[PDB]
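# Analysis of the macromolecular model
These are the residues of each chain, in order.
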Amino acid sequence: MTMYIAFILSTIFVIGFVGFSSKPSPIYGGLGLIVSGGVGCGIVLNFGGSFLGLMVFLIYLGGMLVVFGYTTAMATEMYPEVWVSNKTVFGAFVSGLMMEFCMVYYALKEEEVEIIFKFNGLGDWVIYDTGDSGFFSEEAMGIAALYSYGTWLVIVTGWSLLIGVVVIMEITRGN
Amino acid sequence: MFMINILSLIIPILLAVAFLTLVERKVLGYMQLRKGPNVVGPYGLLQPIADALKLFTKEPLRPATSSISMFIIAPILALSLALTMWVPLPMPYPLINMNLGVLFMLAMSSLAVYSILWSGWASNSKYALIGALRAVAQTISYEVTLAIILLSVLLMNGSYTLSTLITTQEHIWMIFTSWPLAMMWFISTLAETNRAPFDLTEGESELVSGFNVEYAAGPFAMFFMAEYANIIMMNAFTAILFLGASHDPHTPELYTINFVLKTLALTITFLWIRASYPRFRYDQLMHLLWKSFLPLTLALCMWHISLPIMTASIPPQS
Amino acid sequence: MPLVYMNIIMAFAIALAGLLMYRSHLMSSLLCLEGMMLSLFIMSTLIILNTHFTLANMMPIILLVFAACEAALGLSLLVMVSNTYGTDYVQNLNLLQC
Amino acid sequence: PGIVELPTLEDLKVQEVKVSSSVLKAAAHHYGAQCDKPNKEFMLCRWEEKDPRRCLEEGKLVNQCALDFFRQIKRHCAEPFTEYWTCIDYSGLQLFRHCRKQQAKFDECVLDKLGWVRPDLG
Amino acid sequence: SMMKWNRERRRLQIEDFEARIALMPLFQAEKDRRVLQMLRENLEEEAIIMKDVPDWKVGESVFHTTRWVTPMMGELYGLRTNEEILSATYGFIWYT
Amino acid sequence: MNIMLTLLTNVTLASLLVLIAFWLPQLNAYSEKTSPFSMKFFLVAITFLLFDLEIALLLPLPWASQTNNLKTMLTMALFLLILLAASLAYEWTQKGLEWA
Amino acid sequence: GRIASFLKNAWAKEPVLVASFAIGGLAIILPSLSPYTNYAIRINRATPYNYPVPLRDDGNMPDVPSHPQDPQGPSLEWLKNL
Amino acid sequence: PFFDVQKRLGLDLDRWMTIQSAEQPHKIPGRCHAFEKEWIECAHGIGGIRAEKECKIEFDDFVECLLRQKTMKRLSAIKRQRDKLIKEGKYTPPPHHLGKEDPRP
Amino acid sequence: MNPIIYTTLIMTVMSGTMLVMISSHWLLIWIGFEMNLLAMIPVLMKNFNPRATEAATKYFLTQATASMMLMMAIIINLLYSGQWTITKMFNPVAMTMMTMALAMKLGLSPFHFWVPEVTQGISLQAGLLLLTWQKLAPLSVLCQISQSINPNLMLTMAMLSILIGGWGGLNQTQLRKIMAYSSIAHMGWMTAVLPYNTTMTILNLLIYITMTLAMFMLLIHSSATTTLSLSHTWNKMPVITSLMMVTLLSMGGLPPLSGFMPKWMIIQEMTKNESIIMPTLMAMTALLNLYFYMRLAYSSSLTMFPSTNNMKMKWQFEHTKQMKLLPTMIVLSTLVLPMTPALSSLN
Amino acid sequence: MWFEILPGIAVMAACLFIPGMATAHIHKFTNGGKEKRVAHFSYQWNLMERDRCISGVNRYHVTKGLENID
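The rules we used
- Residues numbered from 1 in each chain as written, not as in the entry; some residues may be left out.
- Chains lettered and ligands numbered in written order.
- Part of a larger assembly, values for the part shown.
- Heavy atoms only, no water.
- Residues with missing side-chain atoms left out of burial classes, pairs and counts.
- Axes fitted to C-alpha atoms, helices over the stretch in contact; angles between N-to-C directions.
- Helix = DSSP H or I, 4+ residues; strand = E, 2+ residues; numbered from the N terminus.
- Left-handed = near helix turned anticlockwise from the far one by under 90°.
- Contact = heavy atoms within 4.5 Å.
- Nonpolar A, V, L, I, M, F, W, Y, C, P; charged D, E, K, R; others polar.
- Parallel < 35°, antiparallel > 145°, perpendicular 65-115°, else oblique.
- Disulfide = S-S within 2.5 Å.
- Buried < 20%, exposed > 50% of the residue type's maximum accessible area, 1.4 Å probe, protein only.
- Expected span 1.5 Å × (residues − 1).
- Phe/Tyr/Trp six-rings, centres within 6.5 Å; stacked < 30°, edge-to-face > 60°.
- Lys NZ or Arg CZ within 6 Å of the ring centre and 35° of its normal.
- Salt bridge = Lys/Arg side-chain N within 4 Å of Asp/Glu carboxyl O.

Method of structure determination, per the deposited record: cryo-EM was used for this entry, reaching 3.47 Å resolution.

Here you go:
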């Protein structure tokens, strides 16, 4: 079973996406997003991306959606909408799981599934490379090259964040 | 045997939390000219058992009537994350050795706020919701400085690996190198753990019980255990980061003793601070961080970037 | 393409469909936006790690930097909408027509 | 397209340097100092050819030279080297720092009996 | 003090990297031989496996180029035991 | 598998305690006990986000210190930090940091 | 003169900002005039992260050594003295 | 309207990350550096229209290295037929593939 | 909004578009789009009204979806080619997704529904920026990827845009909505020639930009957002309404006015590629645009609508602010037809 | 008096000491009397795998020295 941990995680990722995509109250949506973020971190870690996946755990889960939650709390709704609360939400939730199951089964049964692209049912372990990175974390060096090579990216991103602060101030002015 | 190691990390930490409660009570009493619990057992050693049993046998009130799933997840998440954050700590050999254990602990601390966030909301009360919001702001506000200060000090470590902190501080404590950062980091730990003078969340004097006003019996006990476990874990992180200890590879017991003693000293410092100062006003708390601390942390971060380059003391990556 | 790519592309498609089909709340749609961004981060990270494109391992980070900028903009708009109407409901964004 | 020309099993059979990582690391400096020529030749072959198959013989020569290096160590400095690598094996990171005294003993013996000089830093 | 100790640490790191450099050629030879042997075993077992399948060349390269391509994990460990596959794929990631 | 084991064990232990604390004491026999303002200061939360972004951008610095172009690396790192300080100063001076 | 008055007022009323600006200014300025920065660059260069791939000897490369421990090639004595 | 200001002013604003075979830190090679280098060297100065067909072999090899669809298809066929023969009982995996021999170091 | 901040936001918008038109790396092009959105949103809400907030929210949602689809297309093209360079796109699905995203950014139908609403919500100056400057970046991106573009999808979107722009305008009495529908139709005209000859798209874009600049500046000068408020203008500033009539006739494409040359050259290029039915349908469908232009002209200048007594007060005063480029924009929008062969400069 | 606080601190000290000693001794027991090898980089994991193959009992901590040679 440990042979397809990545696939199990990807299925959980899709399930969380169906959860927050069916639009329950933003509380449960936040829960689905949090679960999906953790699971994406798991997949990234499995592929060797410890730092990148951990970034989602902190700057995405404990970041963008940590305020998403703080926001919903300020705009409190009368009732916590759940999947079963609206027949459509529950129906779409079930259909989404069913859709995943259909493609999953087809991919496994039909060695080569083709929804919009062509996918092979072989385990993800196949695609991995047999090279050695030596005394290095390739992800770490690539990310740290943002200061040595990606100076232009640094400039543009910093300017965007400053203008984002100014923009948020201006939008929340309200005159 | 790895499961045995997990249990050895978990259960003693819970026992330490239980007895930390008694230690806090006695220390606060003695600093107030009083004697801590001493009737229940010799010198009060059996008081935590009585407290726990009384809590558990107590009525399980629950007028939440909203998202009971959340009202149950919040204690689970809090306790689970409190126990997990202990895992990567090297004492001196970590249970799980991560190249980025530091960022892992930062992420787990950020997640742990959701426990307070949900508990207060699913309670669906007045103090609970507003108090939970004040919590989010408090932890969120100090999370920024916590990260900056941590990055600034690790610039000397050369990695986010907790284990290498022992090697880096082999000859001297990092407090000598970064004491201003150490002071700000200590205050940051105080804020993150929601301890006095930043005990605004619970804030009994102002908010009847804060986020846990609608939590009783066992779930309240789990919140208490999570709080105290976070206190001990954050003090242990401080001890590892700044007050390094000598580690003899052949006898880890010496390092373990030294580390435990330093963490105990820092926890006693936490209780001491709780006794001495009054509570910062919610507004004053944020003023102290974004307007007063955040600047100095930025300046010290620039300095700690520049120093290894201008002193040719760039630490080894491995 | 391995099945993980299929799953993540499916997640992005599902999130896109959810965003394009609002129900009442704007926050749910903003949740779908953040979710689509997560799918894109995971897909980009998997591609870059598998191909050992060392110099592109920062692209996922910049994507998230701008993902949070977009989220922040969305919340900054949502608060104003709520102030003007009392709810985040989409049906109140009705003054402009055609 | 074409068939991959994988070499036979017999040609790729070579005598193996069956020593653990700590043992290799203990002798790493003197091994590099003594066995440099075949190792550098094999590396040049691998990097120019970019085919593992093309440079099998150079790898065989590297393995043989390593075996000769270790045979000489066994002949002349067996016990000090054993103590050195047992010291190194204890440390999880296999650090050189903790075993400086055993390193000095091994270096002194190897300089006396075999005349090898440990290469300097850099 | 930190400057002195960090300079010494960089010196020791250079020493350790020099040791790795000294040992690298032997490891490269061993790795190349192991990869070739694993590929040969896969090819032989594959000929036995797919002899009866029609219109299947054995060991036909999937790339047009007649140049060595580093085999993926799937080629080398395709038909080994699951424990070997789990080790080769996720050992360094999971080891802690 | 070690990290997965640790996560599983911790979560199961905490959930087990929640069970023994939500249901086990709930058996004990008893009787019947009967039983928001729009925060515009949420701007602080939004500013945290954009500052957390710079936090993320700054984390690679320990490995960034290992490059050979230390001049360019230092210039860009101080550039990002000075832009963050400028953002803080702007929000401060424009009374945007109106906490509570 | 007025600058001294501004500094005194700033230290009296906003000492934290004064400390921060002083530290940031030093962090900006000092590395430029520090002699050891080039030493840090050289140290980072000297670290042998990747293998030193040998080069074919065509008989016209006096400077490149033929073997370690030969006098030709770079030296790390400066770091050892450091 | 792609004003090639980078080429006019000789500024490498973003072309460093354009390809996987460009210079990378510590000369860490890409997984498909050889194929990409060959494809670019083939498709240099001949124009996109010519490159789409006169370098199709290089591009196909590059795509195969990137995605390995054909390699995975071949391996899937091998595993299918091995399972089929095992069910029929006319195949027995070798002891070394079963783990009965120590792999080469 | 503080004027320094307003200038910084406008420069950020322009810098985002410059990054879009300057970068050879897809990630940076998407970054430029993100900067454009971030800077644009507060600019749309310079004057704070509930309508301004609603328009900003709609625009943000639409552009955010477009950017997300664009980034997914970039990621897919990376997955199948491993190239970040803006060039031929090597996956048809990525090409289709990118085309949909860029069309949504341009307001091409059936992604047009947001253009009239956003234009009505925002002020005349924000509308000018939205309908002139914002079009530059996506059109640049499409021109760079023109070869990969599937001609059928682009042509269908162009024809639908022309049809819908013509239809919607007939029903509108709000000047801003009329301008938005005209913009939709002209965007369809520009994107029609994109598969065939990009220089024609650039020429049409320049002519359209001049005409819309002139029209919006005339509306700002007249301070009219409705047909009747514009009708009142003849009593105050007859020259303004006369020039408005001339610019409207140009926008309709009537010869010998400058508005004729983009349509003429587009028809030429399409016919050279054996497209005969499509240019014919586009030219005929432009008559709806011409119709509502003519109705606006009847309301404004050709016929004198009733005024109000209080206008006698405005007679005494004069316009304080002068828009320097308005006369030259009018001249270029109306009298540049004798100078088409200069269409080889942008070539 | 204040020394009465000490017994609780001592119990807490023992409880905190237990996990570190437990981890150290469990690592020693599992890794054959030596510290658990730390693999922060793929080279170290490659060394561990090579040691596993060399040992012959599929345990890396088992160390083969000069005796295996010739």
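Read on for the rest.
## Considering the packing of helix α5 (residues 114-121) of chain I against helix α9 (residues 175-192) of chain I
Residues and elements named next belong to chain I. Where α5 meets α9, the axes come as close as 8 Å, and the angle between the chain directions of the two elements is 145°. Our pair here, α5 against α9, has a crossing hand that is right-handed. Across the interface between the two elements, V115, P116, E117, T119 and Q120 from α5 touch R176, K177, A180, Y181 and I184 from α9. Looking at the contact of α5 with α9, its residues break down into 5 nonpolar, 2 polar and 3 charged.

## Focus on the packing of helix α2 (residues 26-44) of chain I against helix α6 (residues 124-133) of chain I
Residues and elements named next belong to chain I. Their axes nearest at 10 Å, the elements α2 and α6 cross at an angle of 155°. Regarding the angle of α2 to α6, the classification is roughly antiparallel. Packed against α2, whose contacting residues are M40, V43 and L44, the element α6 presents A126, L129 and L130 at the interface. Its residues placed into classes, the contact of α2 with α6 shows 6 nonpolar, no polar and no charged.

## Observations concerning the state of the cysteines
Residues and elements named next belong to chain H. Throughout the structure, instances matching the rule amount to 5 disulfides over all chains. Bridging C32 to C65, the disulfide has an S-S length of 2.0 Å. The S-S bond linking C32 to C65 shows a torsion near -95°; that makes this disulfide left-handed. Of this pair, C32 sits in the loop between α1 (5-9) and α2 (33-42) while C65 is found in helix α4 (residues 56-67), placing the two residues 33 residues apart along the sequence. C65 matches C32 in its accessibility class, with the two residues each being buried.

## What about helix α1 (residues 3-20) of chain C?
The end-to-end C-alpha distance of α1 of chain C is 26 Å, a good match for the 26 Å that 18 residues give at a rise of 1.5 Å each. Across the 18 residues of α1 of chain C, 15 count as buried, placing the element largely inside the fold.

## Comments concerning the packing of aromatic side chains
Counting across every chain of the model gives 47 aromatic pairs over all chains. With 6.1 Å between their ring centres and 20° between their planes, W173 of chain B and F176 of chain B make a pair best called stacked. Using a relative accessible area of 54% as the deciding quantity, one classes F176 of chain B as exposed. Between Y84 of chain D and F106 of chain D, the ring centres sit 6.1 Å apart and the planes meet at 40°, which makes this aromatic pair tilted. Of this pair, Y84 of chain D sits in helix α5 (residues 56-90) while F106 of chain D sits in helix α6 (residues 100-113), and the two are 22 residues apart along the sequence. Taken individually, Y84 of chain D and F106 of chain D each receive the classification buried, so the pair is uniform in this respect. Grouped by ring-pair contacts, the aromatic residues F135 and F136 of chain A, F17 and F27 of chain E, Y49 of chain G together with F41 and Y43 of chain J constitute a single cluster. Taking NZ or CZ as reference, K25 of chain D lies 5.1 Å from the ring centre of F96 of chain D, over its face. In this structure, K46 of chain I is placed above the aromatic ring of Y6 of chain I, and the distance from its NZ or CZ to the ring centre is 4.4 Å.

## Some words on the interface of chain A and chain C
It is common to report an interface's size as the accessible area lost on association of the parts. Taken together, the contacts link 70 residues of chain A with 62 residues of chain C. Those elements that provide at least two residues to the side of chain A that touches chain C are α1 (5-21), α2 (26-46), α3 (50-74), α4 (87-109), β2 (118-120), α5 (138-148) and α6 (151-173) of chain A.

## Considerations on the pattern of salt bridges
The tally for this structure, following the rule as stated, stands at 45 salt bridges over all chains. Among the ionic pairs, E24 of chain B bridges to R274 of chain B, the shortest N-O distance being 2.4 Å. Linking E24 of chain B in helix α1 (residues 2-31) with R274 of chain B in helix α9 (residues 252-276), this pair joins segments that are 250 residues apart in sequence. With a shortest N-O distance of 3.4 Å, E49 of chain J and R52 of chain J are connected by a salt bridge. With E49 of chain J and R52 of chain J both in helix α2 (residues 42-55), this residue pair falls 3 residues apart, about one helical turn. What you see here is one network of salt bridges that share partners, running through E24, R195 and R274 of chain B.

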